[PDB]
Amino acid sequence: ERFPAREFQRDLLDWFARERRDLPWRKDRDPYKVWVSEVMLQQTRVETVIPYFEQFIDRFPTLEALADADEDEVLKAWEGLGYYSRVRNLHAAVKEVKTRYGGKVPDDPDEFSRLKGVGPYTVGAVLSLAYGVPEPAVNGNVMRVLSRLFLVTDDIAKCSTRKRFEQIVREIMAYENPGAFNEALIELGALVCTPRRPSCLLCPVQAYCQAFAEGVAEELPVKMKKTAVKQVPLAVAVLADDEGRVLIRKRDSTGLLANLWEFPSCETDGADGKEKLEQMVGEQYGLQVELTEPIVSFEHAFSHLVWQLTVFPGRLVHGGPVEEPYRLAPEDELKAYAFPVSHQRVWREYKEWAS
DNA sequence: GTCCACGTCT
DNA sequence: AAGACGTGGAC
Ligand code: SF4
């Protein structure tokens, strides 16, 4: 608001220029490359992302190349990062850019914001870093920093609250170098102004911070500690040939873990067991199996639910037509398919049990 | 174990 | 709105 913004900016950027970290997506400011990195970093920590970004870009060097890829290739590249919709949207958006915008990522916030997977944070991030457009790039990190600097006690969960912080950015932003400013802000929240025990002693902008002066940084920002989970018990069948082929299946185009492959499963609700599994299997494609007592139970967390998995090894005797989205996959071909992490562990637990 | 990441869409 | 949508880095 009021506020010595000009020198705040000089302190922040001075720090950022010096203390800046080595990240592959910083090695240049190609809008495609920048855009990929910001999609990968969504709800994902920087260290996690680094090898993904490197492999992805290596496999899909240009915007054009991502557009020409089969959806499944792109999914496999994303295997493990989570929030798999991001990659379906990125793929789609890049096709639109190739057709509608002739391969070049739009530097107008409205054109860009209309693309799939691109929300307000990503508009600011990508366009400021890659094009110097002075849009705010407000995310969790920035709101933490700003909530502390200006002692803003709004629930960081409310839709309206990001808009409040964006306005604060608009006011204090350094329009000379919006990209640098934006990233500095973000990287400060990321490395220094951390959720617990921020490193205020080392903070380039300590002198401007109200939270610090009032000794309340650690009770900011305010966010609902939001409860629940929903536990979801789930039986999983790892069924093999005499021939080494394994029965796997492809999840639906939408909903949870869209288009990923899995070992066949169903929700046991209680913990009755392989019975429903045996029924499944049978009820589908002929298929008579002999399931043989669970080899492991383990939990697997999603943001909005937990799978309680129990995995049943089993043997196959045949099944007229296995069709639909099911498949008999030779063991050595399992690596070609994209599995959610849950089922990669299912397979790991399984392959172990039968050394 | 907990928290929440360089959030978006509905 | 408020809830769906994955996973692990860093404590
Ligand atoms: S002083 Fe402490 S709280 Fe204020 S910005 Fe720097 S790190 Fe965050």
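Residue numbers start from 1 in every chain, and the chains themselves are labelled A, B, ... in the order their sequence lines are given, proteins ahead of strands. Atom set for the values below is all heavy atoms of this structure, side chains included, hydrogens, waters and symmetry mates excluded.
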Sugar-phosphate, base or nothing in reach of A:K158, heavy atoms under 4.0 Å: nothing
Centroid separation A:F181 to A:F16 less than 6.0 Å: no
Of the listed nucleotides B:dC6, B:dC4, C:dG6, the one nearest the side chain of A:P195: B:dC4
Between B:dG7 and C:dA2 - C1' atom distance, rounded Å: 15 Å
Stacked pair A:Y83-C:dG6, distance under 5.5 Å, angle under 30°: yes
Atom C1', compared across B:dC6 and C:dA10: separation rounded to whole Å: 16 Å
A:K158, NZ: over 12 other non-hydrogen atoms inside 6.0 angstrom: no
Inter-residue atom distance A:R164.CZ - A:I156.CD1, 0.5 Å rounding: 12.5 Å
Complementary nucleotide of B:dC3, counting Watson-Crick and G-U pairs under 3.5 Å: C:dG9
DNA chain B-proximal residues of residues 30-51 of chain A, any heavy atom under 4.0 Å: A:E38, A:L41, A:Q42, A:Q43, A:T44, A:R45, A:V46
A:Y121 and A:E38 side chains, donor-acceptor separation under 3.5 Å: yes
Nucleotide C:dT7, atom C1' - distance to CG of A:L75 in whole Å: 15 Å
DNA chain B: 5'-proximal contact among A:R196 and A:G119 (nearest heavy atom): A:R196
A:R197 or A:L81, whichever maps to the more 5' nucleotide of DNA chain C: A:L81
Separation of C:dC5 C1' from A:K230 NZ (nearest whole Å): 14 Å
Atom NZ of A:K95 with >12 non-hydrogen neighbours under 6.0 angstrom: yes
Atom-to-atom span, CD of A:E19 to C1' of B:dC6 - whole angstrom: 18 Å
Aromatic centroids of A:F263 and A:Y350 separated by under 6.0 Å: no
A:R21 atom CZ: more than 12 heavy-atom contacts under 6.0 Å: yes
Between B:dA5 (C1') and A:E187 (CD): distance, integer Å: 13 Å
Any A:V311 side-chain heavy atom under 4.5 Å of A:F298 side chain: yes
Whole-Å gap separating P (C:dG6) and CD (A:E262): 12 Å
Path from A:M173 to A:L129 over hydrophobic side-chain contacts below 4.5 Å: no
Phosphate OP1/OP2 of C:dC5 contacted by A:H304 side-chain N/O (<4.0 Å): yes
Plane angle bin for A:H300 and A:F302 - parallel if under 30°, tilted between 30 and 60°, otherwise perpendicular: perpendicular
A:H300 NE2 - B:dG1 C1' separation (whole Å): 17 Å
Whole-Å gap separating P (C:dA2) and CE (A:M224): 12 Å
Touch class at under 4.0 angstrom, heavy-atom based, for A:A125 against every strand present: nothing
Proximal nucleotide (of B:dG7, B:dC4, C:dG8) relative to the A:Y121 side chain: B:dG7
Sugar-phosphate, base or nothing in reach of A:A301, heavy atoms under 4.0 Å: base
Contact check, side chains of A:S265 and A:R249, non-hydrogen atoms, under 4.5 Å: yes
Sorted by number, the residues of residues 140-147 of chain A with heavy-atom contact under 4.0 Å to DNA chain B: A:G140, A:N141, A:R144
Nucleotide nearest A:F302 (side chain, heavy atoms from C-beta), chosen from C:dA2, B:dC6, C:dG6: C:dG6
Nearest-Å distance once atom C1' is located in both B:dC3 and C:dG6: 15 Å
Rounded distance in Å - CZ (A:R162) to P (B:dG7): 10 Å
Distance in Å, A:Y337 OH paired with A:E262 CD, rounded so as to fall on 0.5 Å steps: 14.0 Å
Sugar-phosphate only, base, or nothing, as touched by A:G80 at under 4.0 Å among non-hydrogen atoms: sugar-phosphate
Gap separating the OH atom of A:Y131 from the CZ atom of A:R29, nearest 0.5 angstrom: 12.5 Å
Touch class at under 4.0 angstrom, heavy-atom based, for A:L185 against every strand present: nothing
Near-strand residues of residues 84-94 of chain A, defined as heavy-atom separation under 4.0 angstrom from DNA chain B: none
Sugar-phosphate only, base, or nothing, as touched by A:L23 at under 4.0 Å among non-hydrogen atoms: base
Parallel, tilted or perpendicular, as decided by the 30° and 60° cut-offs, for the rings of A:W307 and A:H343: perpendicular
